[PDB]
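Chains as they are written, first to last, in PDB author numbering: chain BF, 68 to 148; chain BC, 2 to 81; chain BL, 61 to 219; chain BD, 62 to 204; chain BB, 2 to 734; chain BI, 3 to 35; chain BH, 51 to 145; chain BE, 75 to 143. For every residue, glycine included, the Cβ atom is placed at its ideal position computed from N, Cα and C.
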Ligand code: CLA
Ligand code: CLA
Ligand code: CLA
Ligand code: CLA
Ligand SMILES: CC1=C(/C=C/C(C)=C/C=C/C(C)=C/C=C/C=C(C)/C=C/C=C(C)/C=C/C2=C(C)CCCC2(C)C)C(C)(C)CCC1
Ligand code: SF4
């Protein structure tokens with residue numbers, strides 16, 4: 068919660084970034100059949116995005132007002148990763 | 002015009018003057034080296050400053066040395 | 061007939077049809093730039109008259125007020141101004157190139173090898189007379205071009 | 062007082078159809094560096110003013126533009142054609158200064174009879190700094 | 002010397018046209034002029050400084066005169082927030098009637114130019130509420146210019162001709178300059194602010210006819226002589242003050258309440274008065290330091306010979322440094338330009354944040370023009386400081402008179418300095434460009450959550466160390482229990498806190514990862530410009546490639562193609578490439594400034610905080626977006642007031658491209674081209690009559706370098722001025 | 003007349019002062035003593 | 051001798067050698083009429099002193115320029131016509 | 075003296091000449107001109123060339139100093 072940054076596991080705009088990217092990749096997914104290679108690759112990228120956002124949530128990253136993970140370099144023990 | 006100077010580190014290899022396209026230099030006898038000759042620069046008025054002399058001086062830094070100075074019509078290499 | 065200048069191959073020029081021919085050399089030799097024998101004042105008068113018309117040309121029809129009623133008058137006025145400036149730069153040229161009384165720096169020789177008289181135009185007083193002729197001729201040519209645009213507007217193009 | 066100048070006479074010039082790299086007004090008010098050479102045969106050489114010239118069997122004469130032109134020509138002559146050459150300097154007043162060997166020998170053979178000038182009897186690092194010659198005409202290298 | 006350069010017979014004996022250029026360019030290099038001395042050098046410098054002061058006062062008088070004659074200042078005083086300043090009128094006879102109609106602003110009967118210099122705000126804050134005031138000021142500054150001119154004339158005459166022993170009096174000069182020229186000068190400025198500017202803010206106009214009668218404080222000088230100075234801080238314009246009228250005003254003249262005036266969003270005039278007073282005390286005390294004709298004081302020579310550390314770390318210390326500075330005018334000039342550039346950047350960094358002029362924070366083009374101005378000026382002044390240090394190391398540095406001293410031990414580890422500055426610049430450029438590119442890609446891959454966003458924890462810590470509660474560090478001023486907050490709890494911190502916490506003003510902006518990255522770009526620029534300049538200065542005397550570089554001077558083209566090649570080897574060329582990197586650095590600084598501020602003023606700080614972390618945001622959301630109203634200054638259908646800024650924009654583009662000609666192309670192609678041209682002119686009939694007097698030649702390499710940099714920098718400056726002024730004026734947020 | 007003074011001074015300055023200055027400076031360039 | 055077979059270095063006639071030739075400078079006499087020549091001589095001899103010509107040119111040209119620009123109205127140059135249009139209020143009120 | 079005056083042929087030597095490329099760098103003496111009138115007899119051969127692609131240069135006796143190795 069340092070530097071005025073909310074964590075990403077309890078951020079609103081971070082989840083909004085997630086939803087927006089998922090809707091963007093789904094808009095490009097209603098043009099192919101759900102079993103062909105393009106739709107399978109799009110679904111794989113979708114799961115990649117969702118796990119990416121959830122991993123950035125669970126690591127305790129700090130997401131600012133713009134909703135993107137702001138890395139802390141000061142030397143805080145929580146942010147040595 | 003330009004001020005060409007030959008320092009006492011010269012080995013007398015005659016490349017400074019065999020490279021000089023304007024007859025500025027000339028080898029003279031000397032007693033400071035095994036070759037018993039050193040370069041001199043009488044005709045510095047004909048010196049354009051191309052530094053072909055010191056691009057052919059095989060010494061630690063240089064023995065011949067061209068100093069850019071008052072540029073006249075012949076040091077500027079003008080046919081007009 | 062591209063043999064060199066005066067048959068001299070180590071001079072930087074050639075007697076090609078454009079330079080040294082019976083027609084073009086004659087034309088370049090009987091016009092007021094090269095009339096080395098006549099005094100420079102008449103030469104400058106001729107030169108200034110010609111260039112005054114040549115300058116009034118592209119000031120009336122081409123200019124900021126070409127479409128207005130002030131096209132001819134103000135264009136001729138700008139041409140006279142450019143003429144005054146040209147006499148100005150000619151004047152500083154005559155002052156800067158040769159001082160007061162030296163002999164002419166022009167060649168005293170011709171292609172045929174005759175030791176001709178030097179062109180007194182290149183002297184100080186000669187160039188001054190040439191500049192005076194240029195100014196007089198140029199203002200006169202400007203006002204005469206204005207007069208011809210005034211009284212004889214119909215044969216010339218308006219567009 | 063061992064080698065006199067040669068005082069080039071009215072020799073013929075090479076056969077050349079004329080170029081634009083020739084003598085401009087510099088010759089008409091300043092020097093123009095005549096060169097003289099002596100050919101064994103009527104052969105063809107590159108002119109320093111651009112273009113090809115046909116040198117004449119025997120003595121030749123060329124008035125090109127400047128010192129570097131005649132010396133480049135003479136070096137090409139001596140290296141490619143193995144020919145003795147000598148060139149001059151012709152001021153507009155009339156004097157003809159002899160310049161290339163100035164001793165009858167080219168300026169590579171250290172032949173005695175030439176005084177050494179432009180000669181600083183030291184290594185090149187032992188020149189004084191400019192502050193030591195501040196406000197003096199001698200810049201750094203004339204002591 | 003026979004021809005135009007009377008100061009160098011080597012250029013007068015030059016039949017070419019290089020002599021004109023080199024007589025222009027070396028006109029002011031007195032210590033290279035022929036047949037001169039140190040006396041004449043210092044005296045010409047003194048007369049030149051008089052001429053510079055004359056030009057400065059004349060230019061200020063022109064500003065005042067044109068604002069009084071052609072301006073709308075009397076209208077700006079009434080409604081400053083909603084009346085546009087006017088620099089000067091315009092009579093351009095090339096103008097078309099649409100342009101006469103568009104450039105008619107500020108309630109003028111003719112075309113005008115809007116004063117983006119802020120002179121209106123600064124004149125209005127110091128009194129000067131009529132055109133007659135500005136007329137009197139302009140006439141007095143004209144008198145001062147004539148005064149400087151006659152002074153510099155007579156100080157050249159043999160009767161009034163100071164000797165070099167007088168110029169070298171570096172202790173009397175220091176004492177006098179400190180005490181008078183700073184302390185008494187700021188004291189007189191306080192005596193203006195207390196007698197004129199504050200009364201002009203508090204209402205009544207105090208002018209020369211009635212400034213002896215008007216008490217600046219109702220108890221005149223009793224509080225000062227009796228020590229009761231607190232009586233000058235009783236009614237400090239308690240937060241309802243309208244600048245220029247007695248409503249909500251007070252009686253104080255000297256305060257430390259800090260913060261900003263609420264109406265003007267500027268600093269209090271009483272704070273400025275007390276400030277200039279306090280620093281006047283400090284400078285008047287410090288100017289009684291150095292030894293003079295009265296027996297007491299310090300000798301800087303022994304101050305330097307005494308500051309030699311035992312241990313030999315610095316070696317011979319500062320021994321022999323007084324003599325190598327006082328004799329060396331280039332060392333004085335280098336130190337002076339160092340300090341001047343740093344304080345110029347300080348002027349910028351503190352006028353954007355702590356504006357000391359009424360209604361300059363709320364107007365938005367002057368606050369950007371001034372910052373950009375003073376920062377480019379500071380960058381140039383800094384490049385010049387280093388260049389003159391290089392010129393010192395060549396011309397005026399005597400290695401024997403300062404052997405093994407701080408300066409000599411300095412030149413020893415020049416390779417260490419150059420290598421570690423190279424490391425810093427290489428590290429910064431590598432990393433920060435990599436991060437900007439990573440973010441460019443992560444946006445280009447639609448994954449902005451993967452960006453390298455480093456929150457600037459240290460600058461945010463300093464901000465929270467000054468009272469900014471936008472981060473929650475609560476340390477030394479945001480913590481109420483901190484003793485630093487408790488000390489100034491009753492002096493300045495209420496105003497300073499309601500200023501720094503107010504997110505409308507521009508001091509201590511809320512910074513984010515883009516600010517971190519562009520600050521590191523700035524560090525790259527500073528370290529790299531420093532690298533180039535320091536390397537040129539330390540290799541000015543020589544290196545391994547050219548050890549006798551001191552003998553060739555500071556400015557020489559090269560040393561030939563031998564030894565691999567020696568293009569741009571001189572310290573002048575280090576200065577050159579450093580001017581390039583300086584323009585780049587200040588461009589980064591001012592781009593950062595202008596975008597952060599235009600986003601703050603528009604309201605969408607999120608635009609910067611989201612888009613500044615990837616370079617396509619700067620190319621799209623700053624350059625492409627804010628250039629919308631500029632390039633449309635004149636369309637195929639009509640024009641507007643920003644036509645001049647678009648024309649200047651393209652003009653600067655043009656010269657910035659023309660510089661690439663002199664930089665990329667070098668001398669030889671142009672000499673050959675001029676040889677062909679000379680052939681043609683000497684064999685073209687009717688122009689054979691005309692023969693030049695100076696034999697035409699292509700520009701010398703060092704010259705053409707300088708010319709390319711002149712075009713390059715003129716284009717940099719004019720382009721960014723056009724863009725900044727037009728973007729901040731097309732909207733004013 | 004104050005509105006007519008730019009019309010006198012701008013054509014004066016920006017055209018004549020170049021005439022005077024550039025002419026006199028070209029003469030100062032092309033000089034010999 | 052300059053006219054010998056391929057000889058171009060007559061050291062006496064250095065003009066023919068260096069190329070000093072009036073390439074088109076005809077020395078033919080005045081082709082103008084004498085009367086108009088005398089007319090132009092008498093009517094342009096005032097412009098014989100180059101210094102007085104320069105002073106006259108600069109001063110009279112500057113005078114005529116100032117006269118034209120001061121007596122000309124807005125009909126011939128829009129800058130003197132003035133706005134003849136109401137002023138637009140700038141952004142953010144006028145600031 | 076007719077015996078050698080300078081370092082031995084092969085003695086790795088240091089350069090005290092401030093203007094040379096190999097300043098404060100070691101060398102390898104390949105020859106010493108025993109004529110007692112030349113100014114720079116010490117012909118050194120270094121390992122790395124200078125900017126002119128030259129690995130050898132003449133040095134004086136006082137502009138040279140042998141190392142303890
Ligand atoms: C107290 C006596 C005194 C005073 C007042 C001065 C005053 C001055 N001397 Mg000095 N001088 C003195 C004694 C004095 N001298 C003595 C005894 C000697 C004996 C050796 C000299 C020798 C000497 C030399 C050799 C030279 C001078 C020069 C100068 C001038 C410096 C240039 C300038 O105006 O910038 C003045 C700058 C400031 C007042 C302030 C600069 C920095 C501040 C901190 C910046 C921040 C505030 C900023 C100003 C705010 C601006 C806001 C807005 C209003 C724009 C100045 C007039 C130079 C000159 O011009 O020659 C005439 C010069 O070359 N002096
Ligand atoms: C063995 C490799 C090696 C080592 C140990 C060093 C060590 C050093 N270099 Mg150098 N450097 C090297 C290679 C090396 N460099 C190469 C190949 C280049 C050309 C790109 C440079 C270019 C360079 C510059 C321009 C600068 C340094 C600097 C430095 C210093 C700071 C370290 C730094 O910032 O990294 C610098 C690293 C780079 C710029 C990236 C290049 C490094 C490459 C990737 C390593 C090459 C390894 C090699 C090919 C593998 C062979 C393995 C072998 C078993 C076969 C340090 C003394 C700086 C300095 O002097 O400041 C004190 C400085 O300014 N170096
Ligand atoms: C965008 C243009 C640009 C860039 C990138 C640079 C970059 C640099 N300049 Mg500057 N410079 C420029 C323009 C530029 N300059 C201009 C216009 C001039 C005027 C002539 C100068 C004048 C100048 C001087 C005078 C000096 C520099 C210095 C430097 C170096 C500073 C150290 C640093 O930050 O490097 C970090 C590295 C980089 C910025 C390189 C970026 C490229 C990446 C990292 C390479 C890897 C990409 C890829 C994997 C490689 C493969 C590519 C391809 C073959 C497949 C660096 C190489 C200084 C120096 O050398 O200090 C060490 C120095 O003294 N430059
Ligand atoms: C053809 C293009 C052109 C030209 C020639 C002009 C001409 C002019 N404009 Mg501009 N203008 C133009 C297009 C043009 N305009 C366009 C397209 C716009 C956009 C719509 C404008 C917008 C505009 C504004 C907004 C203003 C002008 C002004 C001016 C006048 C400036 C006064 C002066 O004499 O300057 C003198 C020249 C300078 C100050 C330049 C200084 C730099 C020089 C090059 C260096 C000098 C070298 C050296 C130190 C001195 C030696 C002597 C030297 C003579 C050689 C002048 C009449 C101003 C005006 O009317 O005020 C009177 C003004 O405020 N113009
Ligand atoms: C080349 C050369 C030269 C020049 C140089 C230069 C130009 C330099 C510059 C430099 C610079 C430009 C520098 C800067 C610096 C800075 C600093 C060093 C800073 C510091 C700071 C501090 C210390 C702070 C403190 C504080 C704070 C933090 C805030 C608050 C307050 C206080 C005070 C507490 C010379 C001539 C010299 C000589 C020769 C060589
Ligand atoms: S090139 Fe150098 S070492 Fe060789 S002869 Fe000439 S001066 Fe002597």
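Asked, Found
"How would you call residue 176 of chain BD, buried or exposed, if buried means at least 16 neighbouring beta carbons within 10 angstroms?", "exposed"
"Between which two residues does the alpha helix (DSSP H) carrying residue 273 of chain BB extend?", "270 to 287"
"Quick check: does the Cβ of residue 420 of chain BB come within less than 7 Å of any heavy atom belonging to ligand 2?", "yes"
"Residue range of the alpha helix (DSSP H) that residue 537 of chain BB falls in?", "514 to 539"
"Measure the alpha-carbon distance for residue 186 of chain BB versus residue 357 of chain BB and round it to whole angstroms.", "18 Å"
"Look at residue 20 of chain BI and residue 115 of chain BH and say whether their C-beta atoms are less than 8 Å apart.", "no"
"Would you tell me roughly how many angstroms separate the C-alpha atoms of residue 421 of chain BB and residue 427 of chain BB, rounded to the nearest one?", "9 Å"
"Short check: CB of residue 23 of chain BC to CB of residue 47 of chain BC, under 8 Å?", "yes"
"In chain BB, which residues lie with their C-beta within 9 Å of the C-beta of residue 64 of chain BC?", "Within 9 Å Cβ-Cβ: nothing; residue 64 of chain BC doesn't reach chain BB, min ~12 Å."
"When DSSP labels each residue in this structure, what does residue 80 of chain BD get in the three-state scheme?", "coil"
"Skipping 5 residues on each side, what residues in its chain have a beta carbon closer than 8 Å to that of residue 9 of chain BB?", "2, 23, 24, 27, 33, 34 and 35"
"Within 8 Å (strictly less), CB to CB, does residue 457 of chain BB reach chain BE?", "no"
"With a threshold of 7 Å on Cβ separation, who are the neighbours of residue 145 of chain BB within its own chain once the five nearest residues in sequence on each side are excluded?", "58"
"So which residues on chain BL does residue 77 of chain BH lean against when the C-beta distance must stay under 7 Å?", "96, 97, 176 and 177"
"How big is the Cα-Cα spacing for residue 1 of chain BB and residue 601 of chain BB?", "Nothing in the structure corresponds to residue 1 of chain BB, since chain BB is present only between 2 and 734."
"Are the beta-carbon atoms of residue 37 of chain BC and residue 30 of chain BC separated by less than 8 Å?", "yes"
"Does DSSP put residue 131 of chain BD in a helix, a strand or coil?", "helix"
"With a CB to CB cut of under 7 Å and the five nearest residues on each side skipped, what residues in its chain are close to residue 443 of chain BB?", "449, 451 and 452"
"Determine which residues of the segment 59 to 78 of chain BH have a Cβ less than 9 Å from any Cβ of chain BD, and write them out in chain order.", "59, 60, 61, 62, 64, 65, 67, 68, 69 and 70"
"Looking at the unbroken alpha helix (DSSP H) that takes in residue 149 of chain BD, where does it start and where does it end?", "Segment 146 to 151 is the beta strand (DSSP E) holding residue 149 of chain BD; no alpha helix (DSSP H) there."
"Hey, is residue 6 of chain BC's beta-carbon within less than 8 Å of any beta-carbon in chain BE?", "no"
"I need the DSSP call for residue 89 of chain BD, collapsed to helix, strand or coil.", "helix"
"Can you find a CB in chain BB that lies within less than 8 Å of the CB of residue 3 of chain BC?", "no"
"What residues from the segment 176 to 192 of chain BD come within 9 Å of chain BE, judged by C-beta to C-beta, listed N to C?", "182, 184, 185, 186 and 187"
"Is residue 64 of chain BC near ligand 2, going by C-beta to nearest heavy atom under 7 Å?", "no"
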